[PDB]
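Computed over heavy atoms, backbone and side chain alike; hydrogens, waters and symmetry mates excluded. Just so it is clear: chains get the letters A, B, ... in the order the sequence lines come, proteins before strands, and each one is counted from 1.
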Amino acid sequence: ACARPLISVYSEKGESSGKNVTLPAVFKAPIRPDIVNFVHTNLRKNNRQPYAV
Amino acid sequence: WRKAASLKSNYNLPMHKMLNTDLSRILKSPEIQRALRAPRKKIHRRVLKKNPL
Amino acid sequence: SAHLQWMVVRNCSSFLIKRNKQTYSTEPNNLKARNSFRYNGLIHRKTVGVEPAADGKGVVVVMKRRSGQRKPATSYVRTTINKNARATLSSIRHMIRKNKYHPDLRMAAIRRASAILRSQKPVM
Amino acid sequence: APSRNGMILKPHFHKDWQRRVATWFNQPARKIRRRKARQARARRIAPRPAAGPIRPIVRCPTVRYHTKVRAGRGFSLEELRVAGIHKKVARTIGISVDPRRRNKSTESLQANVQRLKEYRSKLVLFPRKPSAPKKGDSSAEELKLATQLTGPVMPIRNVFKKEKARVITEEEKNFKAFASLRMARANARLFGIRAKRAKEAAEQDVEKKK
Amino acid sequence: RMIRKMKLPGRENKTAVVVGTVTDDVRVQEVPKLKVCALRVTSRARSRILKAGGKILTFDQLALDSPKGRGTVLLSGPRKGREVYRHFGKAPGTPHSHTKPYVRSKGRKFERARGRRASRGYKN
Amino acid sequence: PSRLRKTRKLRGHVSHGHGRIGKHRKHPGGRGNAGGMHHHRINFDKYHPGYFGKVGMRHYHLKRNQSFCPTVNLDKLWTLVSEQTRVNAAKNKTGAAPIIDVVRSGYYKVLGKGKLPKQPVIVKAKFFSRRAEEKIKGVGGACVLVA
RNA sequence: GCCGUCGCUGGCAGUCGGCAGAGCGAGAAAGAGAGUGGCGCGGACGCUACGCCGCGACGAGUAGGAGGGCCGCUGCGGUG
RNA sequence: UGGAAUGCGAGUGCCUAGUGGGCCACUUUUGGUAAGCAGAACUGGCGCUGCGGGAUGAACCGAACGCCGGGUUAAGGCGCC
RNA sequence: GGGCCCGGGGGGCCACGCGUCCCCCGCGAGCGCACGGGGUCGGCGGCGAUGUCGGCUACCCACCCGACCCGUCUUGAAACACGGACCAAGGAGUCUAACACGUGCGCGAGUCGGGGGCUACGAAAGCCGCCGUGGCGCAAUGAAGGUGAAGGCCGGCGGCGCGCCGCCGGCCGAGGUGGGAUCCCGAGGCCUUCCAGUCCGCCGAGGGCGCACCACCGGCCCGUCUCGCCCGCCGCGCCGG
RNA sequence: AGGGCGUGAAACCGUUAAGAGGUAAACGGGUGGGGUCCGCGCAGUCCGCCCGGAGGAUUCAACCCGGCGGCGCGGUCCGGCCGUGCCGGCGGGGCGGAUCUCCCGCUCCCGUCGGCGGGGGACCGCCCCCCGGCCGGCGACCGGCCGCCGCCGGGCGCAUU
RNA sequence: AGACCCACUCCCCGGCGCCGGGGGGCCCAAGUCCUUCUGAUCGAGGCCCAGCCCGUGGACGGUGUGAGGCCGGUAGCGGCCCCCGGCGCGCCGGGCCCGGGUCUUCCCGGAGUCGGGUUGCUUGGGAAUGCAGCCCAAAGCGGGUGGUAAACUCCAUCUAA
Ligand SMILES: [Mg+2]
Ligand SMILES: [Mg+2]
Ligand SMILES: [Mg+2]
Ligand SMILES: [Mg+2]
Ligand SMILES: [Mg+2]
Ligand SMILES: [Mg+2]
Ligand SMILES: [Mg+2]
Ligand SMILES: [Mg+2]
Ligand SMILES: [Mg+2]
Ligand SMILES: [Mg+2]
Ligand SMILES: [Mg+2]
Ligand SMILES: [Mg+2]
Ligand SMILES: [Mg+2]
Ligand SMILES: [Mg+2]
Ligand SMILES: [Mg+2]
Ligand SMILES: [Mg+2]
Ligand SMILES: [Mg+2]
Ligand SMILES: [Mg+2]
Ligand SMILES: [Mg+2]
Ligand SMILES: [Mg+2]
Ligand SMILES: [Mg+2]
Ligand SMILES: [Mg+2]
Ligand SMILES: [Mg+2]
Ligand SMILES: [Mg+2]
Ligand SMILES: [Mg+2]
Ligand SMILES: [Mg+2]
Ligand SMILES: [Mg+2]
Ligand SMILES: [Mg+2]
Ligand SMILES: [Mg+2]
Ligand SMILES: [Mg+2]
Ligand SMILES: [Mg+2]
Ligand SMILES: [Mg+2]
Ligand SMILES: [Mg+2]
Ligand SMILES: [Mg+2]
Ligand SMILES: [Mg+2]
Ligand SMILES: [Mg+2]
Ligand SMILES: [Mg+2]
Ligand SMILES: [Mg+2]
Ligand SMILES: [Mg+2]
Ligand SMILES: [Mg+2]
Ligand SMILES: [Mg+2]
């Protein structure tokens with residue numbers, strides 16, 4: 001959970017352009033499906049409009 | 001992990017609760033394998049009781 | 001890791017079928033279509049896949065190369081075997097045992113190859 | 001009815017509270033409406049600062065806050081007088097005036113006087129008729145560089161005078177802070193009665209003397 | 001608290017193990033060199049432990065280091081260190097019951113008159 | 001969510017979980033805190049001693065700003081300054097003591113819980129406790145009163 | 001015999017294969033230890049570990065509590 | 001020589017519904033001529049509970065209940081029903 | 001009768017190498033049968049294309065045994081207690097606020113931007129940090145004025161008379177007893193031709209550090225009561241400690 | 001779908017068909033009889049190995065060429081990225097600090113001297129980037145060569161395979 | 001107001017003329033291509049490398065299903081045409097003859113109101129928060145407030161009717 005390899009940048013023609021970028025550390029962050037589903041659950045209610053009889 | 005966020009006033013990546021998730025590798029390592037008792041993989045099914053008399 | 005990725009997809013996957021008290025997985029490189037850690041064809045570094053050839057002659061054996069785990073385009077090596085029934089299995093048996101490439105999938109691959117070959121015989 | 005242990009609660013729902021529930025579903029609309037009015041006001045008054053007129057520094061009342069300064073309402077007439085700005089002219093060049101406010105101490109008076117003089121230095125002043133520059137108008141060279149300032153004008157901040165470490169003298173060491181505090185309370189508590197006792201005793205002794 | 005329990009005689013060069021979070025204590029001045037294993041360590045407690053030369057393990061690293069738990073010092077946080085345990089026991093209105101009542105506000109006007117002084121009815 | 005609640009499990013069960021004998025009636029016992037000195041007395045005396053009666057003086061127009069006096073113990077005193085302040089003064093030879101101004105940190109009174117590191121310090125504050133003053137003096141410090 | 005529950009907070013990561021060697025149920029602690037001197041290319045299933053397997057006991061129920069529903073209805077985000 | 005027998009894993013803490021009309025039997029027992037009456041003690045029951053017997057029956061006798069096969073019983077029975 | 005049924009002078013023994021000293025007088029090979037860790041046959045027969053074979057349950061009918069109509073209040077309902085002629089659709093623990101405890105997640109002596117501001121889905125989301133004002137927590141206690149959370153030892157001095165109080169300077173230092181998961185040490189020991197002694201492990205009497213938690217005993221903070229001797233000073237006080 | 005016409009339920013009714021009928025009907029358990037249909041039944045399974053008879057080949061192994069792949073403690077091959085490692089850097093920098101400190105604006109006082117605010121600099125902590133040495137990974141992170149092995153394509157093998 | 005120094009010509013009203021957001025109207029991409037299902041289709045299949053064509057337009061609606069390309073639309077700092085408004089620039093007839101500082105001398109305030117008693121209502125406002133009726137009824141270094149009634153005394157802060 002510490003390795004950060006080099007990622008290739010592809011040109012608009014689908015070929016590697018020769019440039020490389022070290023993998024950002026965020027892509028090694030803990031993957032928590034329970035947290036994501038909790039946040040997605042509660043944030044998705046914030047764009048609701050009220051209804052009432 | 002080493003450098004805090006620069007564009008967020010005060011933030012850093014969430015820490016890992018488990019650094020190595022390769023459970024198969026962890027269990028097959030000599031360190032753990034040396035501490036194990038021998039497995040008991042023999043099934044002792046029910047014996048039918050026959051009357052000795 | 002494989003174990004981490006299984007914990008994310010064991011019950012949430014576009015390939016998961018839960019129906020009639022049965023569970024199946026429709027992803028490639030799953031030798032039994034089984035929603036299982038052993039037979040999942042996505043989460044392991046090495047995987048074995050047996051498929052029928054694009055034409056109904058022979059089988060295609062897929063093995064995951066070691067290096068490009070994050071590069072789907074170059075990840076899988078496909079080999080077409082269109083020999084007789086016994087010869088096809090012998091190649092598959094050797095590609096697994098001799099290379100020690102998932103030796104625990106040996107019979108699953110061999111049983112799948114027989115089922116694909118048997119399917120390609122004329123239907124009576 | 002109460003059930004086992006718990007808190008005794010007195011909710012204030014014995015009126016027709018449902019008749020007067022203020023929902024906040026118009027909150028995002030209000031925020032857009034206010035923002036749209038800030039931008040339209042900034043365009044109208046440009047290049048004058050959008051935040052508005054410069055405000056003076058003031059010390060918050062009461063002992064809970066008198067350690068903090070903040071923005072006041074307007075500069076006192078004394079501060080404008082000391083800085084040589086006419087009170088009626090002041091507003092016309094973006095200076096807030098407060099005829100009510102007093103200046104009890106010199107330090108706060110001079111802090112705001114310096115504030116005004118500094119503001120008067122950064123003030124770019126355009127001619128009333130662009131083709132006819134006048135005595136006080138800023139030069140043409142510095143008018144082409146005029147831009148609208150965003151945020152409060154010369155923001156007010158609480159700055160603490162960092163005091164560097166020093167050797168402790170024997171005088172400070174022997175100081176008795178708690179004992180000094182306790183005696184100060186007693187003297188302030190007994191001041192009036194003590195003088196009342198001194199006055200009566202003097203009269204008592206005098207009547208015996210004479 | 002970890003330093004206090006890891007400073008007792010005979011516990012040198014042992015791994016402190018807590019199934020929980022290691023918080024920081026600003027009231028401490030000097031942090032010695034510890035070797036700890038925890039589920040979580042607060043951001044400021046990590047810098048202090050590491051700055052002193054200590055090591056912070058994760059429970060998967062403890063298994064590789066100490067498969068059987070040898071050379072460890074298992075530690076627990078205070079369990080009765082919670083506001084709720086102030087409110088448990090004999091009801092506050094019983095003799096010698098130092099239980100904490102449930103009051104919306106705290107002050108002279110909030111459950112102090114009758115039953116809490118002899119001057120108003122009684123006390124116990 | 002209502003799909004996780006008892007009401008979904010009380011479907012087809014007569015009485016909806018309130019009993020066949022006592023039933024669920026409107027307000028048996030009174031509304032709110034009724035009955036305190038009456039049929040609800042045991043609850044109030046058992047769990048809310050002191051609830052009834054009056055104690056102490058009244059104060060009209062209380063202004064809580066006037067009594068504002070946040071306090072800090074001596075065990076947390078050195079957190080009001082940077083870490084490099086304490087180590088630099090710990091390792092300096094002149095004997096110069098750093099100034100800790102509690103009012104700048106938002107405290108008015110210094111209290112004596114805890115122990116101080118063996119290190120001279122100059123403490124400013126509106127108020128001090130007796131044991132706080134002795135402990136600050138025990139390490140060679142000085143107490144300074146501000147207004 | 002079969003179903004379920006409870007218990008053993010039971011067993012299985014050892015599928016350690018031709019870089020091989022098949023055991024750890026057995027009355028009675030602790031090593032199928034390490035060393036130093038005196039032709040064939042083969043070997044079922046398994047393991048959704050939230051899984052699979054074994055053994056033993058047990059099973060009435062109003063009011064009431066709890067668990068599990070690959071029970072059912074309508075709409076939303078994803079997916080098929 | 002864990003200092004009688006026997007049996008059994010225990011301790012502990014939170015939150016908590018319903019209930020707060022009961023009634024019946026052996027023994028003991030108050031009032032009353034007595035009551036399928038009113039009131040108590042003990043245990044056990046019915047209430048909440050089916051099942052075999054008492055023809056029938058809230059409580060009696062036997063016995064308590066997952067869905068089944070074989071065997072044997074309890075209390076009761078074996079002219080015919 | 002009991003003494004491996006003491007010792008001497010026809011019938012069963014889970015006796016059967018031997019060198020010895022002497023009480024007393026560590027591996028043979030095979031093969032086969034089975035009252036042996038729960039059933040098999042390496043045993044057979046008949047019938048079958050237009051009237052016959054199989055089909056639990058389901059449709060109708062018959063018979064034997066069983067069998068009173070539900071919901072409800074009730075000690076007790078099949079009741080001569082009440083509602084119910086029948087069918088469809090509708091029909092009853094919800095939502096807001098407060099509180100309590102439990103559980104899950106985030107961060108952690110902190111935490112929270114909820115109000116405000118900045119920058120189709122989107123009224124979303126993102127950001128603020130000299131926007132953390134503010135809430136809750138980090139301190140209690142008293143009606144209040146207010147106060148507001150360990151000590152011991154060494155050396156020296158003043159007073160009273162080896163002991164006590166006060167003042168100085170140096171050392172150590174957040175309590176103890178009982179129980180206590182876990183951990184640590186290890187008397188001895190875990191075999192294979194026989195001895196010596198190693199490297200790794202492994203069990204273990206006894207002995208230690210003792211988590212959390214509980215019981216008990218001390219300590220400290222605030223109110224109040226009793227007793228009493230001192231210490232401070234810009235205010236010598238109906239002062240303060 | 002024939003003008004209150006999409007679909008067209010139940011209760012209730014007409015007719016047709018089958019069955020039955022003196023303890024109101026209905027109901028649980030166990031069979032039996034009869035129908036409605038279903039098996040789209042009616043000489044009854046499939047699979048592996050081996051023996052034998054008949055045939056027929058995009059014919060077997062072994063060798064040669066080429067591609068791809070796995071593994072290598074290659075006992076210690078080269079090159080790479082790279083260490084949420086450790087060391088030496090006159091290293092070229094960003095962030096933070098309640099650690100210290102030559103320039104200016106305003107201001108009190110005689111043309112001076114002192115105070116507020118505004119900036120360098122030094123120092124410390126952390127991070128990024130450059131350079132050198134050890135140990136290290138490449139199993140969330142690989143190339144070239146060499147070796148072994150496997151697979152595939154093409155040759156050659158032409159028949160007791 | 002006066003004296004003394006100092007500084008001042010653009011500020012507005014009514015008319016007249018010229019130059020750079022709002023309402024309305026009209027328009028602006030691309031398949032009805034080849035097979036085929038259907039009562040009819042907007043369905044299915046196809047449209048060389050490449051990938052039918054447009055796409056800043058794949059919102060929606062209509063049309064004999066189910067349509068980015070059939071029609072309306074949708075997109076666009078797209079276009080054209082009217083009307084209104086806003087903002088500048090000149091000409092004419094008018095008004096104003098406008099200020100700052102320092103001294104000298106002058107002037108300065110709201111009454112049947114305040115305030116007080118009592119009554120009634122009202123407030124969290126408690127020896128009376130606010131309001132109202134009746135009675136009494138002001139002062140001018142005064143008056144009001146200073147959350148416990150009152151006398152004396154300092155202070156603070158405003159200036160009611
Ligand atoms: Mg209740
Ligand atoms: Mg129930
Ligand atoms: Mg009811
Ligand atoms: Mg309930
Ligand atoms: Mg009730
Ligand atoms: Mg009742
Ligand atoms: Mg209720
Ligand atoms: Mg049950
Ligand atoms: Mg009775
Ligand atoms: Mg009842
Ligand atoms: Mg019972
Ligand atoms: Mg019973
Ligand atoms: Mg009878
Ligand atoms: Mg039976
Ligand atoms: Mg009958
Ligand atoms: Mg009948
Ligand atoms: Mg009823
Ligand atoms: Mg009755
Ligand atoms: Mg009934
Ligand atoms: Mg009756
Ligand atoms: Mg009734
Ligand atoms: Mg009726
Ligand atoms: Mg309905
Ligand atoms: Mg909680
Ligand atoms: Mg919207
Ligand atoms: Mg129709
Ligand atoms: Mg209709
Ligand atoms: Mg119709
Ligand atoms: Mg008929
Ligand atoms: Mg068009
Ligand atoms: Mg359409
Ligand atoms: Mg088409
Ligand atoms: Mg369309
Ligand atoms: Mg199309
Ligand atoms: Mg168009
Ligand atoms: Mg348009
Ligand atoms: Mg006025
Ligand atoms: Mg008035
Ligand atoms: Mg009224
Ligand atoms: Mg009222
Ligand atoms: Mg007063």
Side-chain angles (χ1 to χ4, degrees), chain A residues 1-6 28 34-35 38 43-44 46-47 49, chain B residues 1-3 9-10 22 24-25 27 38-48, chain C residues 1 10 14 18-21 23 34-38 45 63 65-67 69 77 79-81 91 94-95 98-101 103-104 107, chain D residues 6-7 9 11 13 25 28-29 86 110 114 117-118 157-158 162 164 176 179 182-183 186-187 190, chain E residues 5 8-11 14 21 23 26 42 69 71-76 78-80 84 88 102 108, chain F residues 7 16-17 19-22 55-58 60-61 71 80-82 84-85 88 111-113 129:
Chain A
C2 91
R4 285 176 69 187
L6 297 179
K28 318 306 300 208
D34 67 307
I35 293 183
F38 173 83
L43 283 193
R44 197 162 77 69
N46 289 351
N47 72 297
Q49 288 179 221
Chain B
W1 310 98
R2 298 165 55 81
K3 182 178 62 168
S9 56
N10 174 235
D22 200 347
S24 81
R25 264 255 162 191
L27 298 173
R40 290 192 280 264
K41 49 181 58 162
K42 183 159 176 170
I43 313 304
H44 300 289
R45 294 179 208 272
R46 166 185 162 202
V47 175
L48 169 74
Chain C
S1 86
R10 51 162 292 279
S14 62
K18 297 161 84 186
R19 194 187 306 152
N20 284 109
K21 315 291 190 291
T23 316
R34 184 186 285 172
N35 186 70
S36 155
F37 179 84
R38 191 174 306 274
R45 294 188 82 240
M63 320 205 336
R65 72 171 57 244
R66 178 161 169 143
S67 314
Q69 295 299 332
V77 186
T79 307
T80 303
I81 306 179
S91 297
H94 291 178
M95 288 165 86
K98 292 283 178 170
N99 300 315
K100 308 190 186 204
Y101 194 87
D104 60 305
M107 293 306 323
Chain D
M7 199 171 286
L9 301 167
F13 292 116
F25 304 131
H86 191 283
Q110 296 305 314
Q114 174 54 72
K117 291 180 164 178
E118 185 178 342
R157 285 185 154 200
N158 295 260
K162 184 37 170 15
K164 59 165 180 169
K176 310 190 208 300
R182 291 293 303 156
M183 290 198 267
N187 297 331
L190 302 173
Chain E
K5 301 309 179 179
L8 310 167
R11 299 187 174 193
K14 290 191 180 175
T21 300
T23 48
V26 307
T42 54
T72 47
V73 169
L74 194 47
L75 291 174
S76 188
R79 276 219 191 171
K80 303 297 183 72
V84 308
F88 298 162
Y102 288 112
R108 78 163 184 82
Chain F
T7 300
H16 203 85
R20 297 183 167 278
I21 295 151
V55 164
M57 317 187 278
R58 289 167 304 161
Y60 321 135
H61 190 227
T71 71
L80 310 186
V81 299
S82 72
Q84 77 176 335
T85 290
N88 277 352
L111 292 177
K113 187 202 200 189
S129 84

Based on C1'-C2'-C3'-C4', put the sugar of [N] on the north side (positive) or the south side (negative).
{"N": "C33(I)", "result": "north"}
{"N": "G132(I)", "result": "south"}
{"N": "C128(I)", "result": "south"}
{"N": "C24(G)", "result": "south"}
{"N": "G133(J)", "result": "north"}

Identity of whatever pairs with [N] - Watson-Crick or G-U, under 3.5 angstrom:
{"N": "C148(J)", "answer": "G70(J)"}
{"N": "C26(K)", "answer": "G79(K)"}
{"N": "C236(I)", "answer": "none"}

Any donor-acceptor N/O pair under 3.5 Å between [N] base and [X] side chain:
{"X": "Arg65(C)", "N": "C68(J)", "value": "no"}
{"X": "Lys162(D)", "N": "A98(J)", "value": "no"}
{"X": "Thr21(E)", "N": "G108(I)", "value": "yes"}
{"X": "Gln84(F)", "N": "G125(J)", "value": "no"}
{"X": "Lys41(B)", "N": "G14(G)", "value": "yes"}
{"X": "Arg38(C)", "N": "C47(G)", "value": "yes"}
{"X": "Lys42(B)", "N": "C24(G)", "value": "no"}

In whole Å, measure the gap between the [atom1] atoms of [N] and [M] for me.
{"N": "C105(I)", "M": "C112(I)", "atom1": "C1'", "value": "15 Å"}
{"N": "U56(H)", "M": "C68(I)", "atom1": "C1'", "value": "13 Å"}
{"N": "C50(G)", "M": "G17(G)", "atom1": "P", "value": "26 Å"}
{"N": "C138(I)", "M": "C101(I)", "atom1": "P", "value": "15 Å"}
{"N": "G36(H)", "M": "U19(H)", "atom1": "P", "value": "33 Å"}
{"N": "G210(I)", "M": "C183(I)", "atom1": "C1'", "value": "9 Å"}
{"N": "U145(K)", "M": "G116(K)", "atom1": "P", "value": "7 Å"}
{"N": "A1(J)", "M": "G91(I)", "atom1": "P", "value": "34 Å"}

Just how far, in rounded Å, is [atom2] of [N] from [atom1] of [X]?
{"X": "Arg2(B)", "N": "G96(J)", "atom1": "CZ", "atom2": "P", "result": "19 Å"}
{"X": "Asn99(C)", "N": "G17(G)", "atom1": "CG", "atom2": "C1'", "result": "15 Å"}
{"X": "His16(F)", "N": "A17(H)", "atom1": "NE2", "atom2": "P", "result": "15 Å"}
{"X": "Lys18(C)", "N": "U48(G)", "atom1": "NZ", "atom2": "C1'", "result": "10 Å"}
{"X": "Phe88(E)", "N": "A100(I)", "atom1": "CZ", "atom2": "P", "result": "11 Å"}
{"X": "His44(B)", "N": "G10(G)", "atom1": "NE2", "atom2": "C1'", "result": "12 Å"}

Practice task
Identify whether the glycosidic angle of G75(G) places it syn (within 90° of 0) or anti.
Solution key: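 You should classify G75(G) as anti.
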Exercise for the section: Please work out whether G57(H) sits syn or anti, treating a glycosidic angle within 90° of 0 as syn. Expected result: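 Syn, since the glycosidic angle lies within 90° of 0.
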Problem - CG (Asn10(B)) with more than 12 external heavy atoms under 6.0 Å - result: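 12 or below, so no.
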Considering only [options], which nucleotide approaches the side chain of [X] most closely?
{"X": "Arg58(F)", "options": "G126(K), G70(J), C100(J)", "value": "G126(K)"}
{"X": "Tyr102(E)", "options": "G80(G), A100(I), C149(J)", "value": "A100(I)"}
{"X": "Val26(E)", "options": "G150(J), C99(I), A109(I)", "value": "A109(I)"}
{"X": "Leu27(B)", "options": "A13(G), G102(I), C184(I)", "value": "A13(G)"}
{"X": "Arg46(B)", "options": "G146(I), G93(I), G38(I)", "value": "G38(I)"}
{"X": "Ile21(F)", "options": "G20(H), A124(I), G69(J)", "value": "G20(H)"}
{"X": "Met183(D)", "options": "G232(I), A212(I), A140(J)", "value": "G232(I)"}
{"X": "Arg45(B)", "options": "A139(I), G54(G), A212(I)", "value": "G54(G)"}

Any chance [N] and [M] qualify as a Watson-Crick or G-U wobble pair, both distances under 3.5 Å?
{"N": "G55(K)", "M": "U56(H)", "value": "no"}
{"N": "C136(I)", "M": "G110(I)", "value": "yes"}
{"N": "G146(K)", "M": "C155(K)", "value": "yes"}

Exercise for the section: Check every strand shown and say whether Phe25(D) touches a base, only sugar-phosphate, or nothing at a heavy-atom separation below 4.0 Å. Expected result: base
Practice task
Select from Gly22(F) and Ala179(D) the residue whose nearest nucleotide in RNA chain I is closer to the 5' end of that strand.
Solution key: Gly22(F)
Practice task
Could you say whether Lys80(E) or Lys176(D) is positioned toward the 5' end of RNA chain I, judged by the nucleotide with the nearest heavy atom to each?
Solution key: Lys80(E)
Problem - Straight-line distance of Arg34(C) CZ to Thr23(C) OG1, nearest 0.5 Å - result: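 Between atom CZ of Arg34(C) and atom OG1 of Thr23(C) there are 11.0 Å.
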Handout entry: ring centroid sep under 5.5 Å plus plane angle under 30, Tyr60(F) with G126(K)
Key = yes
